[PDB]
Structures are given as structure tokens and as C-alpha cells.
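Residue numbers (our numbering), protein chains in the order written: chain Z, 102 to 244; chain R, 104 to 299; chain C, -7 to 188; chain W, 15 to 68; chain G, 1041 to 1193; chain H, 383 to 672.
Positions of the beta carbon are idealized from the N, C-alpha and C atoms, including for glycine.
The structure appears below as C-alpha cells.
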């Protein structure tokens, strides 16, 4: 149940993660409980926040930096600090606008990419319609 | 692929009918509600009290009627705790079903969150949760701007078909037939002689 | 079957008529055309002079403003001497210089039958003055403009710009309620279909 | 910014720095400038040849 | 090529001329060396014509299903930009070469100019072939874009 | 049997040979030549190298009644190895204008000898189609999820050709047409450009009237067809996208290249203008001298 959450891109939040799994797995040692394995429990917050950034990069291309606080369960300073570090890793890309009007997750796309995608679309349509026409014919015999 | 041989009794036919509805109501990726309505098993099995309300639940999903769905569920979720212990999926199912149908019938593939608030009958925070859930199942692909408050859809997952739906798909081709025809007639007219 | 002398004279005649019909656009091509058929010679000099005077004036009536170069590199500087001073007069936006230049040189201008064209440039000093002002300042108070062009009121200069952008030379729009004139120039016309 | 080592522009109308990281100067459009460049040389040389006819 | 045996004795009597009587034919000899030895000493070769029907023509000429899928189908537009870049540069080099040539091209004897100031392949001609291919290529490509964009939506 | 397929490649010989065999059984009017189909398979691409006639009788009263001479098929195959030992049954051709429902029952018989589901290649003898005059099906048996029983049905695959280079030049040698449906110069591809758009019209018409036929004349609501139709719309552009704005910027780019190329051509011909004048100029002197 723990891992199924993380292998999928899912909306989730930290005091949901914390509240469920604190009476479960802080009673078992290694990564959790202890006094030194609480610096390994401390690490899980970072990762829950980070799983969300990965979701939010994919779905949103623009979200408000204030709406994003609400999602991550953070103050504004921390929301930034995490975005910056995850981009350093290169796991996501972003650009933050600092008065918190926008954070836009992507690198801006090259002009050539956009056009190559449009050629790809058209070719699939023509392939569809051809095949559809031959399946129309067979169905006249059936009918 | 079921046999013409008869060795399935009415009990089994009804037992399966019930289970198939249970799977769809408590599912998260079953929009084959109409498929049950277009197979004899469940379409013609309404002939017990259990299959009065159940058939209406499958019908509620197709039309996007929330009020009817809630009234039937309100009674039954208690009686049967299989609905009770799986409720979250069950109420969110009709919101996801209405979400995919709205986008379908339009020729512009974007909805305001404000339009979704009205149509799925959720507050504005929970409209954003609905979008997130749908993309996570893989129903839809596209992008979100929260700063214009839009979700702009680029791809829709295929779904059941019905007479209504055919006319909706047909009209769009009528325009494109027309556009292709007159575009080609004008290009024909220019460089008449340059078809060597 | 024409001679290249016939063709030269012809395009030159259209430009004069055109200027009087406030065709300054077609007039400009036509006079540059006339000179290119026309030979360079000291034998053709009196023809070329009149063509070059006609050309300079056409540009100032556009608001295009002839090159300073045109006057110096030609071997005609004395003949075109009034046109050289007209080009400078309009450039600065100076009513005071301009009134002095056309009176001072009145008779010479009157011989060439271009005295009639020159008086029309009195409007054009005002229009050209405003095109400089919208480039130099994005937002500029009504009063400041009055200082530069020796004008009398804020309300008066508002009429002048109102009329000049009906011709659409200045490419601005007037804020009456705020006291300034704000240009709408930002290009990015390589995103428009204009290059096509 | 004067080097264009990271492009971007310094906005002191409000006190921000815009960070661009995007290509500047398209290769194809550039070489078209040289193509016109060569032809402007070439038509002068045709006109050198055409001095025989005059 | 086709052969047909003729009697050895007939060749002695000069009956190879006999085989071309009552038409001028399309007589030509496509191959000699061993052929003309064997003709001389054995055979009379035949020329080859082809028969085909109007049905069979249509079968032969048809070779694509993409006949109607080639002016709606297009190539990636990065590939087109690469192509325009390549083309313009190539003609830029050929123009410098042409310019060196056309500093003269005014002395007596064409042939002397071609050697001296390279008109070896004629950079005029060379630029014409290159210009014309990419110019024609771009008109189709723009036309494909504009058809699809307006018609489909 | 291979239940994996993707495409059918066809040699040119196959088509022509079935038309020859068709006229020499003297078949017409629901008597349709049926021969065996020979080639490579156990391959997603069905590669058909050859075809031959079988002794076959088609009754026109009933097409569910047919004659096939089974014994002949084994003997013929031994002689196929003599030619090349890599030709086996991979189906059977039909010569008719279109698919019959007696063709499903016929297909049964060739299963016995094939390591691949048997191919139906319709070789038309009126040479219809705006691409190749061949349609291609392979019989597949599947469950249908529409609430209907398990069918064996002929499902369409694309048609393509693979031609030996040796053979292909024979096609060029035979063919005296300079080709107006294949690439060439500007004008030739200008026809090819219009031809494709007119092909789309015809294909676009047939779908509209199929959809009308379903809800008034009650042809099966076939979900698999209509699903591909839903994806046509999702892959279809929407005005006001920055991708379709980039198309405007990309138009400018190639047109400008044409604009400079057009100027370049104009320059070059003006060199020849002056040349010819220098040729006339000399030839005045020569004439005057004579």
C-alpha cells in the first residue's frame, strides 16, 4: 500500500501521508522511529513534496505559486526552495516568478518541435480514414 | 463467446448481472455503462426489486443526472455496505463520466473550471482534484493553466457509442467535406493548365 | 517604339499631376523611374534639375524627408539650395525656419512652378514634428509639446495630433483624461501575416 | 548581459531580472543576407559586361 | 536479346539478307563480340517489342497507395529548414566562384575564358540547377501546410 | 498459424498474372477466377511473390456451392519448389470487384495447408482504386465485445509493394508514360498535390453516408470503426494554438527563400540577355562586311 502511491502520478498531500503511516511504520525501525531514524523520517516530507512537483510539472504548465503552497503544505519560502533544488537535479524544469504570480514548469519549447508534432498529427488522420473506408465496405456485405 | 448450449441458469445470469454493475459502480476506469445496457443480460434483467434501482443507477451515469443518482444511493449504500466501504470511487465516478462527455460533444476541447463546477456539481477546489484524478487514470491528456483557470484537453479516450453520438460526429465531417470541396475547386481553377 | 527620352518625360509628367491630386505615393516611384531612363548628361541637365526638385518636395509631402546626402553629392547644390533648406526645416519641426525659407526663396520657387507645392508643406512641418515626438518620448505631456513646436494651448495640439493620426503617420493614441500621448508601436509584426 | 553569456534583461522599472535561455539569431535567415550580398556583387559585374553594348 | 537457329548450309548460300526482306525494321545490333561470331556461324537474331494491354498498363503504372497520401502527408519542418540552409549556402559558394569568373568574360574566344577564369561546368548553369530544385521544393511544401491547416479545422 | 500481421507487400507480377489467368478461364458474371497465392509468411508483412491458377468452378446460382480440386494443389506445390523452394501457400486470390460472404467458407479450406492465416487478395480486372487495384484482407477469428458472437471476419490491412529491382526496370521499359501520379518537376507534383486533396474528398464522402446508413437503415453500430473516428477529431487542430501560429512564422521563412531564389534566377537569365546582345553586336559587323 505504501509504494503503490508513489509509482503512480497522484494528487496527495503530506498530513495525509503523515497521519496514515505514523502509527503504522514509526513502530518499525529503519527509516522511521528511533531518534536518528527520525532524520530519515524527516526526509519523507521532502520526497512527498517532490512527488507532487513531478505531478504538477506534467499536468500544469502554469500554476500559481500561492496555489502550489496549499498543495505542498508549505510556506512560500519552502515551495521555492524545493522547486529550485529539483530543477538542479534536472528531474523537472521550471521558471519561478518571484512575487508569486506564476510558476511555469517546462523549458520553453523550440519552434521546430511544435511544427514536427503537427505533421505527425495529420498523417495519423489519413491513416485512420483509409482503414475506416475498407471496414465500411466489409460491413455492407454483413448487412 | 458464450455457448449456444444451455447450461447457464437464470440464477447465474442474474448473479453475473449484479456483479457487472457492482464492478462498474465501484470501478474507476469503466465507462462501459452503456455496454451493459446494450447486452441482453442486464438490459432485460430488471425483474426483481434489486434490479429496479440498479438499472436506474447505470442509467443515471449515462445522462449525467446527479440528483437521481444520489437519491437511489442514499437508500442502498446503507443496506449494502459494499457500496459503503467503497463510496469514494462511487460518487466520484459520475463526476468523471460527466467530465468526459462534456468535452466530447464540443468542437473546442477546453473547459473552464467554472464550467466543470456547474456540471459535476463540485466546489472550485474539488474541481481541480477531479482534473488531477482523471489525468492520473489516463482518461485525458493536455495541460493546465491555473492562472487562466482552464484545462485544455488534447486527447480523449474512446467511449461507448449511441445514436445521438453518431449525429454529433457526422455533422463535423459535413463541414470538412464542404471545406475540402470548395478549397479544391478554387485551386483547380488556378493553374488549370499546370496539371501536367 | 519610343525613345528613352520620350519615356523619361512621360513619367515626369505623371508625378506633377499626382502631387496636385495628393498622390504622393505613386508620384515617388514615378520620379525615380523617370531619372533612370533619363541620361546623366550636361546636355540633359535642365531636365534633370526639375526632376530632382520635384522628387525632393514629393518626399517632404510624404513626411519621408529626403537624404542630406542627395544635396551634397549632386553637382547641383546651388539649384537645389532651397530644397536643401526645406529638408532641414521640416526635420526639426520648425515653423519659424520654414516660413523664413519659403519667403526668402519665393521667386526662385515661383519660376519652377513648385512654389505652389511648398506652401502645402506648412501642414507637414506640424505632422512631421509630432512623429519625432512620439519616437523620442513614449508618454509626453501636452504642455511639453507646446514648448518644442512654439504652440499655444494643450487643447490646440490635441486637434493637430487627432487629425495627423487619421492619416496614421504618428501611430499613437491620445489620452485626454491623463494629459499624455501614448504610442502603440511595439512591432512583433513577424508574428503577423504582413511579411507574406 | 552585455556578454550575452546567459541572455536576459535587467528590469529596473520594477526591479526584476528576466532570464531568457532561448536561441537568438536564426541560421537560415542569416545566410539569406549573404545570398543577397553575393548577388549585389554579381549584378555590378553583369553591368561591367553591358558596358560593351552602350 | 533473342536468337533463332538457321541452317548452316543456308548461311553458305547468303541467306542472312533473306531474313530482313519486306521492311526496314528497327534494325540495330545491340551487342557484338561473341554475338556476331554466333550470328555468322549459326543464328539470326530477333529484335524485341513488348505487348501489353490497357488493363495491364494501369496495373504497371500504379505502384503506390500513397498516391493520394503525398500532398497531405508532409516532411518534418526541421528537415525543411535544414534543407533551405543547405541550399542557400551551396549557392553562396557557387556565386563566389561565378564572381571570379565574371570579373572578365569579355575577351576574344569563349574557350580561353572557360579555362582561365573557370567556366569549367559553368557556375551560371550550376547555380541554375541548384536554385530551381529548392525553389520548386518549397512551393509544394507551403501549399501542403496551407491546405491542411485551413481545410481540416 | 501466425495471428500477428501488419501489412501486405505485393509483387507486381501477382496482379498481372491473375488478370491473365482470368481471361483464359474466360471468367465473368459471378464466375470468378480463384487461384492459390504463393509467397513468404510467418511474417507480419505478408510478402506475395507469385500466384497460379487452380482448376476451380464457381456456381452463380449459389456461391456457397463451389468446386475446388484439392489433389491438384499438392502436385503444383512440388513444382513450385523446382522454381524456388521458398514459396508456399499463404492464402488465395479472388478476381471479383469485392468481398463475398462465401469467401469466408472458401478460406477454411486453405487453412489446412498454411502456417499463417489465409490471405484474400482481391485482384480487380477493372482496375479500380485510387491507389493500387488490389484490396487486401486476412481472415482473423476474434471475440467481438459489442455483445455479438465470435466471428471469423476479414479485417483490412494496408497494401504496399515490394518489387525486385530487376523486374521494376521491366515495368519502366514497358511503360511509355512519363508519370503524372508520381513525383517529377514542380508541375508534376502540383498535380500530385491537387490529386491528394481530391482523394481526401472521395474518402471523406463515404464516411458521412455510412453514418447516415447506421441510424436510418440500421447497419451495425461497429465500435471499432467509430473509435478511430473519435481519434480523428482529437488529432485535429484547433484555431488559436501557438503551434498553428508558428505555422505562420514558418510560412514566412520558406516563402522568403523562394523570394530570393526567384531573384537569383532572374539575375542569371539577365546575364544571358547581355550575351545574346553581344552575339548580335558582333554579327552586325560580319553581315556588314559580307
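* Asked: Of all the options R/285, R/297, R/273 and R/299, which has the alpha carbon lying nearest to the alpha carbon of residue 588 of chain H?
  -> Comparing C-alpha distances from residue 588 of chain H to each of R/285, R/297, R/273 and R/299 shows the shortest one belongs to R/273.
* To do: Taking only beta-carbon positions, decide if residue 415 of chain H is within less than 7 Å of chain G.
  => Not an interface residue.
* Asked: In this structure, does DSSP put residue 523 of chain H in helix, strand or coil?
  -> Residue 523 of chain H: strand per DSSP, three-state reduction.
* Curious, which full-length alpha helix (DSSP H) runs of at least 4 residues does the region 49 to 116 of chain C contain? -> Correct list: 61 to 65, 73 to 84, 87 to 96, 98 to 104 and 107 to 110.
* Report yes if the C-beta distance between residue 67 of chain W and residue 659 of chain H is below 7 Å; otherwise report no. => One thing to note: residue 67 of chain W has its Cβ within 7 Å of the Cβ of residue 659 of chain H.
* Please classify residue 20 of chain C: does DSSP put it in a helix, a strand, or coil? => Correct three-state label for residue 20 of chain C: helix.
* With DSSP collapsed to three states, give me the class of residue 482 of chain H. => Of the three classes helix, strand and coil, the one that applies to residue 482 of chain H here is coil, per DSSP.
* Is there at least one Cβ from chain R nearer than 7 Å to residue 612 of chain H's Cβ? -> At least one chain R Cβ lies under 7 Å of residue 612 of chain H.
* When the cut-off is 7 Å and only beta carbons count, does residue 500 of chain H lie next to chain G? -> By this cut-off, residue 500 of chain H is not an interface position.
* Could you confirm whether any beta carbon from chain Z is found closer than 7 Å to the beta carbon of residue 246 of chain R? => At least one chain Z Cβ lies under 7 Å of residue 246 of chain R.
* Asked: Which chain Z residues sit within Cβ distance under 7 Å of residue 33 of chain W?
  -> Neighbours of residue 33 of chain W on chain Z, chain order: 196.
* Asked: Which residues, in order along the region 636 to 648 of chain H, keep a beta-carbon less than 9 Å from a beta-carbon of chain C?
  -> Listed in sequence order: 637 and 638.
* Does DSSP classify residue 22 of chain W as helix, strand or coil? -> Here residue 22 of chain W sits in coil by DSSP.
* **Where the beta strand (DSSP E) containing residue 1 of chain C begins and where it ends** => It is not in any beta strand (DSSP E) - residue 1 of chain C instead sits in the alpha helix (DSSP H) that spans -4 to 12.
* The alpha helix (DSSP H) with residue 1194 of chain G in it runs from where to where? -> Missing from the structure shown is residue 1194 of chain G; chain G here goes from 1041 to 1193 and no further.
* Terminal residues of the beta strand (DSSP E) in which residue 538 of chain H lies -> Start and end: 533 to 538.
* Asked: Out of curiosity, what's the CA-to-CA distance linking residue 686 of chain H and residue 1124 of chain G?
  -> Nothing can be reported for residue 686 of chain H, as the shown portion of chain H is limited to 383 through 672.
* Asked: Between residue 284 of chain R and residue 581 of chain H, what straight-line distance do the alpha-carbon atoms span, to the nearest angstrom?
  -> Residue 581 of chain H has its alpha-carbon roughly 11 Å from the corresponding atom of residue 284 of chain R.
* Measuring only between beta-carbons, confirm whether residue 653 of chain H sits less than 7 Å from chain W. => Judged by the 7 Å Cβ criterion, residue 653 of chain H is in contact with chain W.
* Can you find a CB in chain W that lies within less than 7 Å of the CB of residue 383 of chain H? -> For residue 383 of chain H, the answer is no, since every Cβ of chain W falls outside 7 Å of its Cβ.
* **Residues bridged to residue 433 of chain H [DSSP beta-bridge criterion]** => Bridge partners of residue 433 of chain H: H/419.
* To do: Using a cut-off of 9 Å between C-beta atoms, extract the partners of residue 162 of chain Z located in chain R.
  => Near residue 162 of chain Z (Cβ distances below 9 Å), the residues of chain R are 246, 247 and 248.
* **Extent of the continuous alpha helix (DSSP H) to which residue 389 of chain H belongs** => Premise fails: residue 389 of chain H lies in the beta strand (DSSP E), 389 to 392, not in any alpha helix (DSSP H).
* To do: Determine, using beta carbons only, whether residue 282 of chain R comes closer than 7 Å to chain G.
  => Interface annotation, residue 282 of chain R: in contact with chain G, CB-CB separation under 7 Å.
* Asked: Does the beta carbon of residue 207 of chain Z come closer than 7 Å to any beta carbon on chain H?
  -> No, its Cβ sits nowhere closer than 7 Å to a Cβ of chain H.
* To do: Take residue 146 of chain R and list the residues in its own chain whose beta-carbon comes closer than 6 Å to its own, dropping the five residues that flank it on each side.
  => Excluding residues within five positions, the ones whose Cβ falls inside 6 Å are 140.
* Asked: Quick one: which chain H residues come within Cβ less than 8 Å of residue 219 of chain Z?
  -> 619, 625, 626 and 629, listed in chain order.
* Asked: First and last residue of the alpha helix (DSSP H) that includes residue 224 of chain Z?
  -> 212 to 243 is the extent of the alpha helix (DSSP H) around residue 224 of chain Z.
* Mind checking residue 1141 of chain G: buried by the 16 CB within 10 Å criterion, or exposed? -> Flag for residue 1141 of chain G reads buried.
* 6 Å Cβ shell around residue 25 of chain C - same chain, five flanking residues per side excluded -> Apart from sequence neighbours up to five positions away, the residues of its chain that approach residue 25 of chain C with a beta-carbon distance below 6 Å are 3, ordered along the chain.
* Terminal residues of the beta strand (DSSP E) in which residue 163 of chain Z lies -> Note, residue 163 of chain Z: beta strand (DSSP E), 161 to 164.
* Asked: Using the beta-carbon of each residue, which ones in chain G are nearer than 7 Å to residue 39 of chain W?
  -> Per Cβ cutoff of 7 Å: no residues; residue 39 of chain W is ~13 Å from chain G at best.
* Of the residues H/419, H/635, H/414 and H/657, which one's Cα is nearest the Cα of residue 520 of chain H? -> Of the candidates H/419, H/635, H/414 and H/657, the one whose C-alpha sits nearest the C-alpha of residue 520 of chain H is H/419.
* Distance, Cα to Cα, residue 429 of chain H vs residue 485 of chain H? -> Rounded to whole angstroms, the gap between the alpha carbons of residue 429 of chain H and residue 485 of chain H is 21 Å.
* Contact check, residue 122 of chain R vs residue 192 of chain R, beta carbons under 7 Å -> In this structure, residue 192 of chain R does not lie closer than 7 Å to residue 122 of chain R by Cβ.
* Apart from the five residues just before and just after residue 584 of chain H, which ones in its own chain have a Cβ nearer than 8 Å to its Cβ? -> Annotation for residue 584 of chain H: 512 place their beta carbon closer than 8 Å to its own, counting only its chain and skipping 5 residues before and after.
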